[PDB]
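Protein chains in written order, with the deposited numbering: chain D, 159 to 287, 293 to 407, 409 to 430, 441 to 858; chain C, 265 to 330.
Okay, so here's the structure we're looking at.
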Ligand SMILES: Nc1ncnc2c1ncn2[C@@H]1O[C@H](COP(=O)(O)OP(=O)(O)OP(O)(O)=S)[C@@H](O)[C@H]1O
Ligand SMILES: Nc1ncnc2c1ncn2[C@@H]1O[C@H](COP(=O)(O)OP(=O)(O)OP(O)(O)=S)[C@@H](O)[C@H]1O
């Protein structure tokens with residue numbers, strides 16, 4: 159007829175066990191059971207942030223009607239979830255949709271209030287072509308319909324609160340978003356379910372670490388949805404790593421390599447080596463099959479354990495006498511003890527291993543969701559990270575205080591000791607020009623992301639007027655670029671782990687520094703469209719040169735800390751104490767000596783050799799040429815750039831002059847031997 | 265016809281940004297309100313292929329399918 163075609167039951171799917179065990183939520187289940195049992199305004203709608211399981215509340219309502227802990231007025235009801243899909247999908251002719259909706263309402267009236275209708279996404283139903296606003300409002304008025312709604316907080320503002328005559332036939336059953344602890348409980352029930360499904364065993368410290376790390380690092384979505392996502396995705400990872409091994413991959417590639425080599429050689443010895451490696455391959459393959467058979471038997475017996483539990487729940491509802499004692503005291507202790515025998519057998523035989531989900535796989539799925547390096551240290555990465563100063567002294571020579579403070583900050587983030595209310599670090603680099611602020615920050619991005627300018631580099635010398643804050647926040651509502659956010663918040667909400675480099679910060683008007691007060695205090699920055707962005711995982715590096723005369727005047731015969739004190743007073747004269755209180759540590763650079771410039775000359779000549787060698791020419795140098803480049807490139811007030819433009823002149827002008835001249839032959843060695851006063855190439 | 269395959273078919277939508285609001289008219293279901301149930305229960309194995317700025321424009325304007 160009508161209530162068979164277009165509606166989907168929940169009480170059948172709560173009876174055949176197809177729905178999930180819904181834990182918690184007894185306050186909101188009780189409030190929905192209240193709102194259903196009134197005389198007017200009888201229809202509730204569930205309104206909450208998207209993800210907290212409004213549909214899960216109604217599925218749990220069906221499970222409590224079946225289990226019968228409801229009051230007597232709703233015992234024996236039927237919950238029919240409504241499908242707009244088929245209803246709209248059949249109506250080719252005019253009025254057929256209203257005919258079908260009228261037929262469904264007549265059969266609802268004929269079922270005489272015994273049916274609780276569940277329309278999820280009610281804002282979809284409100285527009286259907293009168294259509295559905297003017298047709299259910301009779302049954303929404305006279306209390307003969309017991310519709311239950313479920314909608315987002317967003318679409319309840321638009322598609323319902325537009326019209327008050329449809330708005331006040333409903334109730335804001337405001338589903339709260341659960342805290343950490345209720346998320347833990349929900350994950351325990353669904354641990355039971357997903358261990359049935361993905362053939363695994365979820366350790367309970369992985370549940371509490373999944374709850375905490377889902378609350379801390381993902382900030383897009385809403386609990387308890389993200390925690391079930393991390394648990395289910397890590398269980399998927401473990402099922403995949405079981406399903407594949410890698411040792412047999414090495415052995416198969418080795419035996420096919422030696423097989424091709426032996427077939428090419430047909441001294442031998444490789445028949446013997448191939449036979450030994452194929453015996454090793456067959457033994458490991460049989461061990462692989464034995465472990466797969468063991469896990470197969472264990473998960474089939476656990477599935478039979480759950481089928482016994484569903485059958486004993488059938489016996490708890492129905493009430494058979496000997497079936498209760500039979501199922502319980504026969505099936506449960508023997509199956510649980512040979513389950514534990516199979517579990518310790520897998521603890522004996524899993525070598526080749528992992529069939530359980532600890533915290534580490536949760537951390538790996540979290541580090542591949544967002545990008546924050548949460549995971550435990552594989553030893554390539556840990557020895558990579560202990561050599562952090564050794565990784566930065568190949569693109570920054572000198573400047574040890576900087577590399578110390580920076581490497582300290584990165585190490586404090588990767589261990590765990592960081593403060594989750596701040597970014598990792600927030601450095602205010604000072605010092606006169608051409609000593610390596612900007613290349614230190616590019617050295618960080620080259621370490622961390624394996625690319626030089628793969629980082630969010632904001633030029634703070636565009637913000638010389640007050641109205642250009644809005645380039646980085648974005649546009650307030652009802653203006654031009656409101657559809658397109660900022661530049662800072664968008665490119666961080668994409669990739670939460672980056673290095674935001676504020677280029678030469680002292681030029682801007684002080685308002686952008688007020689924006690930075692928000693950022694460096696609490697990692698949040700509400701952009702144009704009214705949403706926060708989690709900056710708790712970046713390294714907001716800000717450069718400057720506010721103490722050039724002071725540092726170039728007194729870095730001699732003054733230690734590091736007192737220099738920091740005196741330049742700290744100078745920056746206090748240029749900034750408000752709000753902003754420089756927020757800073758992690760102002761580190762101070764210093765102008766370069768002669769040997770530092772010699773090393774910089776060596777580095778720049780290395781990249782010049784790189785350029786001309788990928789061109790195809792090969793160049794050696796005399797040490798006297800390097801000494802002339804060191805002596806001409808030295809001056810304090812302009813930093814390490816007179817070295818680069820002296821190199822530019824005294825090599826790149828005559829050398830490019832002669833390479834374009836058709837003179838210098840490819841392949842031969844271009845020797846940069848000095849003249850009496852200059853540097854020139856020769857060819858022999 | 266994907267339910268009659270029993271999880272055998274990986275459905276590939278290209279331009280997932282397009283799908284939100286495909287058919288919105290006077291009497292419509294918007295094509296996101298017919299895949300929100302089927303995607304909600306995991307019965308469909310859809311694979312999305314969208315841009316990044318099309319993702320800011322089209323899907324995150326609609327959190328229930330985000
Ligand atoms: N308290 C809970 N107990 C058990 N499972 C829950 C709970 N909260 C959420 N879930 C699970 O979360 C998943 C989706 O929950 P839903 O409430 O259906 O999401 P939703 O409310 O439909 O969000 P939208 O905006 O409607 S898509 C299902 O797997 C539920 O079982
Ligand atoms: N300590 C250094 N080690 C290596 N290269 C350096 C060093 N200092 C400067 N350079 C070179 O000089 C350029 C970087 O100069 P920077 O010091 O970054 O200028 P800056 O730090 O922004 O100071 P200002 O604000 O520009 S005056 C690049 O070409 C580098 O190769």
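Heads up, the beta-carbon is just placed ideally off N, CA and C, and yes, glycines get one too.
query: Within-9 Å CB hit, residue 286 of chain C to chain D; result: no
query: Contact set between residue 668 of chain D and chain C, taken where Cβ atoms lie within less than 8 Å; result: 316
query: Coarse secondary structure for residue 575 of chain D, derived from DSSP in three states; result: helix
query: Where the alpha helix (DSSP H) through residue 373 of chain D begins and ends; result: 367-379
query: Whole-angstrom distance between residue 579 of chain D and residue 544 of chain D, CA atom to CA atom; result: 26 Å
query: Own chain, CB closer than 7 Å to residue 183 of chain D, minus 5 neighbours either side, in chain order; result: 215, 218
query: Identified DSSP bridge partners for residue 165 of chain D; result: D:240
query: From D:725, D:576, D:373, D:620, residue whose alpha carbon lies closest to that of residue 343 of chain D; result: D:373
query: Residue 403 of chain D (DSSP reduced to helix, strand or coil); result: helix
query: Where residue 795 of chain D sits in the DSSP three-state scheme; result: strand
query: Collapsed DSSP secondary structure at residue 187 of chain D in the structure displayed; result: helix
query: Short Cβ contact (9 Å threshold) for residue 609 of chain D with residue 573 of chain D; result: yes
query: Run of the alpha helix (DSSP H) containing residue 285 of chain D, from where it starts to where it stops; result: No alpha helix (DSSP H) contains residue 285 of chain D, which DSSP labels as neither H nor E.
query: 6 Å Cβ shell around residue 648 of chain D - same chain, five flanking residues per side excluded; result: 659, 660, 701, 702
query: The region 421-428 of chain D touching the region 380-391 of chain D, judged by at least three CB pairs closer than 8 Å; result: no
query: Residue 834 of chain D classed as buried or exposed, judged by whether at least 16 other C-beta atoms fall within 10 angstroms; result: exposed
query: Host alpha helix (DSSP H) of residue 855 of chain D (start-end); result: It is not in any alpha helix (DSSP H) - residue 855 of chain D instead sits in the beta strand (DSSP E) that spans 853-856.
query: Cβ-heavy atom distance, residue 111 of chain D to ligand 1, below 8 Å; result: There is no way to answer for residue 111 of chain D, as the model of chain D reaches only from 159 to 858.
query: Meets three-Cβ-pair contact criterion under 8 Å: the region 752-769 of chain D and the region 595-603 of chain D; result: yes
query: Any C-beta of chain C under 9 Å from that of residue 213 of chain D; result: yes
query: Members of the region 250-264 of chain D that neighbour chain C once the beta carbon cut-off is set at 9 Å; result: 255
query: Residue span of the alpha helix (DSSP H) that contains residue 472 of chain D, given as start and end; result: 444-492
query: Any non-hydrogen atom of ligand 2 closer than 8 Å to residue 764 of chain D Cβ; result: no
query: Below-9 Å beta-carbon distance, residue 268 of chain C vs any chain D residue; result: no
query: CA-to-CA distance, residue 329 of chain C to residue 300 of chain C, given in whole angstroms; result: 7 Å
query: Exposed unless 16 or more other CB atoms sit within 10 angstroms - verdict on residue 276 of chain C; result: exposed
query: DSSP-derived helix/strand/coil call for residue 311 of chain C; result: strand
query: Residue 210 of chain D beta carbon near ligand 1 (any heavy atom closer than 8 Å); result: yes
query: Rounded C-alpha distance that separates residue 832 of chain D from residue 412 of chain D; result: 58 Å
query: Within chain C, partners of residue 294 of chain D - CB distance below 9 Å; result: 290, 291
query: C-beta neighbour in chain D for residue 298 of chain C, strict 9 Å; result: yes
query: Endpoints, beta strand (DSSP E) assigned at residue 175 of chain D; result: Residue 175 of chain D -> no beta strand (DSSP E), and no H or E assigned at all.
query: Local Cβ density within 10 Å of residue 697 of chain D, reported as buried at 16 or more and exposed below that; result: buried
query: At least 3 beta-carbon pairs within less than 8 Å: the region 674-689 of chain D vs the region 344-361 of chain D; result: no
query: Segments assigned alpha helix (DSSP H), at least 4 residues, entirely inside the region 609-643 of chain D; result: 612-623
query: Neighbour flag for residue 545 of chain D against chain C, beta carbons, 9 Å; result: no
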